[PDB]
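Student:
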Amino acid sequence: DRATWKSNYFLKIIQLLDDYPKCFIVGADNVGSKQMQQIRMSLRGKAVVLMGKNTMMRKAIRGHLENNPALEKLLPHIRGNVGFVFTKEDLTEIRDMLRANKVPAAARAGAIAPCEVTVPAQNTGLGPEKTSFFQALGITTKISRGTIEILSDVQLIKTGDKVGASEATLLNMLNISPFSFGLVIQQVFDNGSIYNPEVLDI
Amino acid sequence: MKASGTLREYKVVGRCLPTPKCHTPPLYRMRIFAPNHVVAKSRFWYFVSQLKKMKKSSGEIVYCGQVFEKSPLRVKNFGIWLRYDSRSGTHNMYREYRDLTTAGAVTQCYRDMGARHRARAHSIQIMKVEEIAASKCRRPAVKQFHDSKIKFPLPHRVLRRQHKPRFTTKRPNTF
Amino acid sequence: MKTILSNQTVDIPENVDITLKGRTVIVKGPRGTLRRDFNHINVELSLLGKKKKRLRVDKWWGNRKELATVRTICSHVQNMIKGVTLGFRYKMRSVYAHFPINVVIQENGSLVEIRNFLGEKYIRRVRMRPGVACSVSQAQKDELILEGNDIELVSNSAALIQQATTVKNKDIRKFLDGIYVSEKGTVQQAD
Amino acid sequence: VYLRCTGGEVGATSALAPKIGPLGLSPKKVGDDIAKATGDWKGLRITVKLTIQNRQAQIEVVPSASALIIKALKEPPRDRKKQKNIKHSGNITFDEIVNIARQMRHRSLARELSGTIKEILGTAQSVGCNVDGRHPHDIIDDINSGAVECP
Amino acid sequence: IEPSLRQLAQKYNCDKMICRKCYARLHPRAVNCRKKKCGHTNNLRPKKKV
RNA sequence: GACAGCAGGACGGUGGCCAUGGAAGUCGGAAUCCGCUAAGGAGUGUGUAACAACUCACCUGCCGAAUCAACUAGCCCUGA
Ligand SMILES: [Mg+2]
Ligand SMILES: [Mg+2]
Numbered sequence: 005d006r007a008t009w010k011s012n013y014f015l016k017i018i019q020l021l022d023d024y025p026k027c028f029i030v031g032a033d034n035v036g037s038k039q040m041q042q043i044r045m046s047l048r049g050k051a052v053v054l055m056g057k058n059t060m061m062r063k064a065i066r067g068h069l070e071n072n073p074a075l076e077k078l079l080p081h082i083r084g085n086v087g088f089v090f091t092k093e094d095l096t097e098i099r100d101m102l103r104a105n106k107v108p109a110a111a112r113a114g115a116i117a118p119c120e121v122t123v124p125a126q127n128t129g130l131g132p133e134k135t136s137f138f139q140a141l142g143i144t145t146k147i148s149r150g151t152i153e154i155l156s157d158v159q160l161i162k163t164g165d166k167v168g169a170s171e172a173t174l175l176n177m178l179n180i181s182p183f184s185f186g187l188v189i190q191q192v193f194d195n196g197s198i199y200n201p202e203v204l205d206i
Numbered sequence: 001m002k003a004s005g006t007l008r009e010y011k012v013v014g015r016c017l018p019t020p021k022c023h024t025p026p027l028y029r030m031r032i033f034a035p036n037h038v039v040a041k042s043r044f045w046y047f048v049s050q051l052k053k054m055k056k057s058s059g060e061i062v063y064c065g066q067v068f069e070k071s072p073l074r075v076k077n078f079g080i081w082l083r084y085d086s087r088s089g090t091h092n093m094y095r096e097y098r099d100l101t102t103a104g105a106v107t108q109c110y111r112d113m114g115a116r117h118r119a120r121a122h123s124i125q126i127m128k129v130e131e132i133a134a135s136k137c138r139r140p141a142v143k144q145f146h147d148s149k150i151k152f153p154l155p156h157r158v159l160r161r162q163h164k165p166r167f168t169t170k171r172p173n174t175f
Numbered sequence: 001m002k003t004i005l006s007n008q009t010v011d012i013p014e015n016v017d018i019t020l021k022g023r024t025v026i027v028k029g030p031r032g033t034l035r036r037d038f039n040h041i042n043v044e045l046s047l048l049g050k051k052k053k054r055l056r057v058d059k060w061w062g063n064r065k066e067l068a069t070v071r072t073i074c075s076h077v078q079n080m081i082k083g084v085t086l087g088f089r090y091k092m093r094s095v096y097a098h099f100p101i102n103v104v105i106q107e108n109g110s111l112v113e114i115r116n117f118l119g120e121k122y123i124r125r126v127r128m129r130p131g132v133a134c135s136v137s138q139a140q141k142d143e144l145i146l147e148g149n150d151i152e153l154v155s156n157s158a159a160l161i162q163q164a165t166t167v168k169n170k171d172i173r174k175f176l177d178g179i180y181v182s183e184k185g186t187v188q189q190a191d
Numbered sequence: 013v014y015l016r017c018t019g020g021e022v023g024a025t026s027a028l029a030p031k032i033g034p035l036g037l038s039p040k041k042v043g044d045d046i047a048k049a050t051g052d053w054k055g056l057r058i059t060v061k062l063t064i065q066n067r068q069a070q071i072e073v074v075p076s077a078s079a080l081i082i083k084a085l086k087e088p089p090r091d092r093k094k095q096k097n098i099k100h101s102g103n104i105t106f107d108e109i110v111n112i113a114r115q116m117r118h119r120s121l122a123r124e125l126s127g128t129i130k131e132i133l134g135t136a137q138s139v140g141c142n143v144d145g146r147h148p149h150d151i152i153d154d155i156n157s158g159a160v161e162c163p
Numbered sequence: 078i079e080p081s082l083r084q085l086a087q088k089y090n091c092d093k094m095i096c097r098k099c100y101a102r103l104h105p106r107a108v109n110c111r112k113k114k115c116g117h118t119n120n121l122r123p124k125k126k127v
């Protein structure tokens, strides 16, 4: 395989370039499968997101066909996890600023940036015992009526701090919102136009 | 065979005896590498007996001639095909040699098959010898000798084993 | 297959100087100097560049193991450059069982004295290499920092420490105790 | 809110779910009895039960799962009394009940509007998969209906 | 009990490949026994965990 | 724009179906498809008894042009 599939992918990208002459450059450096499902099924009625490897560098060959305006401007812009968002409707400058949806924020080891985790005096509300993680890290807790509360007010993960496995499990069980990060818009492309979105669009 | 010294290329043509049931034999032709023409004729009878219905008694050799080199002053590339018989089972083989003449390249082929694979002159049957040009050589050794403006010095070159006196005050250096 | 020349390329920064009298390489820099001998390899070591310092490690015909050897020279020259610009710092946290490991230094940080040693009464002494300085870290529990210039000397001293702290005649899946090399790095950071 | 994916009989042989429940301590027998009252005649087969709790009672909702209603479109009852003849009889037509089924399916499939759900629920079966006069390889390819009338 | 230090000690003592023939502690990503007492065989097995 | 190396993702139907001490990709028997897809195999292994976490197939970010697999026989080694 992977020859007829690549020819079909070239048919899909020439169909999108011939159908939708307007596009958004995005990046998905912090991505998830459930996140992409939520973004796609929220944007079924509008613009379509597409990704890929160096096969995305196909506008060069599409310009070597010479049937285009200056579409070759975005060729040095596909660097570092760059994907396309093909659109037809807009003509509208309120897209994705009212649709930048909040995503979980499920705790996973590895991230450092940007925020902190402050846990005030608040009960867990979980089943017995739910003190093993608190004893593994070290947190002054007190047992009230069965939900167990926390005496002090300490910070678990500071700015630039490595998330660990036990920290990830306790944040996933306590459901206190960890680091979440959606997609990034980088460049707008509307009919051969060179936008400078710092800050011109929207 | 023996492959004593350098080899020699022979063009040998041979036919069957003219019989009343079948006149005009097809008068076949080969290309035999051999140290001399007697070994060329015998190895010719060997190959033609293994190929077609021929034997030395009911046949004859018409011509057995030396084949001189078409361009002796040119460093050329030769692909040799081999039908050598190993200890377990026989194998085919393609080898490449950068050398001047055809007989010298086939000589290097016999010496190299004696060196590396321990094969005698009995087991080696040369299938085909073909001069190939540049940019078609498979082998990395001949492919890395394919270099215009090539450079290499000669490091640690020791020589003259007792051409000097056996008892000198020297202590000889290299290069 | 008797491969014609294999050469490795080394860029040397302006902070240090190099001098070769043959196969002996002498590198002088801010954190001392360091000299080594490559007498047993027979690979050409040439330099070029007027205040540009481009070293080349060049070997002619050789064999496959010797073509493997020609990269080892480039790697040890890179290690000498890193050791003379930044130095080597090895951090060793004392992974200790019920009995702690009391580590002191005696003779200018060159004699590491280990006590309580898995509960053994035998006080152990380890003499380090000429040219490596050790210290006990601050603001961190039972960390041992080995600082030096030559990576072979520093890491052999750390190997002597982590083999001096060894569980004997027991299971070593349980009793995970000893002083192991935790982090390898440089002295001067952000470089 | 408690979610559970089980069902045979009611049981209650000193074995139950409770874990989230005894934080408010209301279900120990009453929640199981109301689960019995909601599981009367529905059914003798594995279902999914979720109970919403707000401080006094349990509201029992059955979110129907796809393979569970595929099994529910078989012929009941088969609980005991000469079982095992053998496991996989399954002779049904399912020509429009599966269509109504994925009309009920909402916000959990990441679906096209009845586009390929015919293929999904035709190949997600294991006992039936077709009326006995054809082969399901024609179901996979030759369906050209539903995608206009269902949305 | 310092689980990070326990992971470090398991990194230096536990996660090794033991050969079934030469009985040598080698490396977790090893392929052959480096010792010449068996003939560099590829008959490896992980070091046993509980 | 491959092999490596480092980094990110590895879902929805579905806790699929036969089983019941549990099988919710991971003891087992059968099977084996679709959507989002850039990509997820009704799943290559590790684990908790299960539910969970980790990794791999697969895809992608940087680098940059050669690389990988299975056999075969010459020397030498283990077998000795
Ligand atoms: Mg014992
Ligand atoms: Mg022997």
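Protein chains in written order, with the authors' numbering: chain AK, 5 to 206; chain AS, 1 to 175; chain AH, 1 to 191; chain Aq, 13 to 163; chain Am, 78 to 127. No residue lacks a Cβ here, since even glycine has one placed at the ideal position from N, Cα and C.
Taking Cβ positions only, does residue 161 (chain AH) come closer than 9 Å to chain AS?
Tutor: Not one chain AS Cβ lies under 9 Å of residue 161 (chain AH).
Student: Please indicate yes or no: does the CB of residue 44 (chain Aq) lie closer than 8 Å to some heavy atom of ligand 1?
Tutor: Residue 44 (chain Aq): no, Cβ never under 8 Å from ligand 1.
Student: Within the present structure, is the beta-carbon of residue 170 (chain AH) separated from the nearest heavy atom of ligand 1 by less than 8 Å?
Tutor: Yes.
Student: Would you call the CB atoms of residue 11 (chain AH) and residue 54 (chain AH) closer than 9 Å?
Tutor: Yes. Within cutoff.
Student: For the beta strand (DSSP E) containing residue 27 (chain AK), list its first residue and its last residue.
Tutor: Taken as a continuous stretch (DSSP letters only), the beta strand (DSSP E) holding residue 27 (chain AK) covers 26 to 31.
Student: Among the residues of its own chain, which have a CB less than 7 Å from the CB of residue 140 (chain Aq), if the five just before and after it don't count?
Tutor: The answer, listed in chain order, is 102, 104, 106.
Student: Mark residue 177 (chain AH) as exposed unless 16 or more other C-beta atoms lie within 10 angstroms of its C-beta, in which case mark it buried.
Tutor: By the neighbour-count rule (16 or more Cβ atoms within 10 Å), residue 177 (chain AH) is buried.
Student: Counting only beta-carbon separations shorter than 9 Å, does residue 65 (chain AH) have a partner in chain AS?
Tutor: By this cut-off, residue 65 (chain AH) is not an interface position.
Student: Counting only C-beta atoms, is residue 147 (chain AS) closer than 9 Å to chain AH at any point?
Tutor: So, interface residue.
Student: What's the gap between the Cα of residue 31 (chain AS) and the Cα of residue 10 (chain AS)?
Tutor: So the alpha carbons of these two residues sit roughly 6 Å apart.
Student: When the Cα of residue 68 (chain AS) is compared with those of AS:44, AS:100, AS:56, which residue comes out closest?
Tutor: Measuring from the Cα of residue 68 (chain AS), the nearest candidate turns out to be AS:100.
Student: With a threshold of 9 Å between beta carbons, is residue 134 (chain AS) in contact with chain AH?
Tutor: Not one chain AH Cβ lies under 9 Å of residue 134 (chain AS).
Student: Rounded to whole angstroms, what is the Cα-Cα separation between residue 48 (chain AH) and residue 3 (chain AH)?
Tutor: Approximately 24 Å between the Cα atoms of the pair.
Student: Provide the residue(s) that pair with residue 143 (chain AH) in DSSP beta bridges, ordered along the chain.
Tutor: AH:93.
Student: Ignoring anything shorter than 4 residues or poking outside the region 59 to 118 of chain AS, list the alpha helix (DSSP H) runs there in chain order.
Tutor: As far as the region 59 to 118 of chain AS is concerned, its whole alpha helix (DSSP H) runs of at least 4 residues are 102 to 115.
Student: Consult DSSP for residue 161 (chain Aq) and reduce its assignment to one of helix, strand or coil.
Tutor: Three-state result, residue 161 (chain Aq): coil.
Student: Restricting to Cα atoms, I'd like to know which of AS:116, AS:52, AS:118, AS:77 is closest to residue 27 (chain AS).
Tutor: Considering only alpha carbons, the answer is AS:52.
Student: So, is residue 161 (chain Aq) buried or exposed, given that buried needs 16 or more other C-beta atoms within 10 angstroms?
Tutor: It is exposed - the Cβ of residue 161 (chain Aq) has fewer than 16 other Cβ atoms within 10 Å.
Student: CB-CB under 6 Å to residue 3 (chain AS), same chain, minus the five flanking residues each way: which ones, in chain order?
Tutor: Within the same chain, residue 3 (chain AS) has close Cβ partners 110, 121.
Student: So which residues on chain AK does residue 86 (chain Aq) lean against when the C-beta distance must stay under 8 Å?
Tutor: The contacting residues do not exist; residue 86 (chain Aq) stays about 32 Å from chain AK at best.
Student: Does DSSP put residue 31 (chain AS) in a helix, in a strand, or in coil?
Tutor: If DSSP states are grouped into helix, strand and coil, residue 31 (chain AS) belongs with the strands.
Student: Using a Cβ-Cβ distance under 9 Å, would residue 86 (chain Am) count as near chain AH?
Tutor: With 9 Å as the cut-off, residue 86 (chain Am) counts as an interface residue toward chain AH.
Student: Quick check on the burial criterion: 16 or more other C-beta atoms within 10 angstroms. Buried or exposed for residue 10 (chain AK)?
Tutor: Looking at its Cβ environment, which holds fewer than 16 other Cβ atoms inside 10 Å, residue 10 (chain AK) is exposed.
Student: For residue 38 (chain Aq) and residue 190 (chain AK), I'd like the C-alpha separation in whole angstroms.
Tutor: Distance between the alpha carbons of residue 38 (chain Aq) and residue 190 (chain AK) is about 54 Å.
Student: Residues of chain AH with CB under 7 Å from residue 153 (chain AS), in chain order?
Tutor: Going along chain AH in sequence order, the residues near residue 153 (chain AS) (Cβ under 7 Å) are 60.
Student: Using a Cβ-Cβ cut-off of 9 Å, state whether residue 100 (chain Am) counts as contacting chain AH.
Tutor: Chain AH, which has no Cβ nearer than 9 Å to the Cβ of residue 100 (chain Am), makes this no.
Student: Distance cutoff 9 Å, beta carbons only. Does residue 60 (chain AK) sit that close to anything in chain Aq?
Tutor: So, not an interface residue.
Student: Comparing the C-beta of residue 108 (chain AS) with each C-beta of chain AH, is any distance below 9 Å?
Tutor: Chain AH contact via Cβ: absent.
Student: Measure how close the beta-carbons of residue 49 (chain AS) and residue 55 (chain AS) come, nearest whole angstrom, since I'm counting them as under 8 Å.
Tutor: So it is a contact: roughly 6 Å between Cβ atoms.
Student: For residue 105 (chain Aq), name the three-state secondary structure that DSSP assigns.
Tutor: In this structure, residue 105 (chain Aq) counts as coil in the three-state DSSP scheme.
Student: Got a sec, what are the start and stop residues for the beta strand (DSSP E) residue 136 (chain AH) sits in?
Tutor: It spans 132 to 136 - the beta strand (DSSP E) in which residue 136 (chain AH) sits, taken as one unbroken run.
Student: Mind checking which residues open and close the beta strand (DSSP E) that includes residue 10 (chain AS)?
Tutor: It spans 8 to 16 - the beta strand (DSSP E) in which residue 10 (chain AS) sits, taken as one unbroken run.
Student: So with CB distances below 8 Å, who are the chain Am contacts of residue 172 (chain AH)?
Tutor: Near residue 172 (chain AH) (Cβ distances below 8 Å), the residues of chain Am are 90.
Student: Against chain Aq, which members of the region 75 to 94 of chain AK pass a CB distance test of less than 7 Å?
Tutor: Listed by position along the chain: nothing, the set is empty.
Student: Using a 10 Å radius around the Cβ and a threshold of 16 neighbouring Cβ atoms, would you call residue 17 (chain Aq) buried or exposed?
Tutor: It is exposed - the Cβ of residue 17 (chain Aq) has fewer than 16 other Cβ atoms within 10 Å.
Student: Using only the alpha-carbon positions, how far apart do residue 123 (chain AS) and residue 113 (chain AS) sit?
Tutor: Looking at the two C-alpha atoms, the distance is approximately 10 Å.
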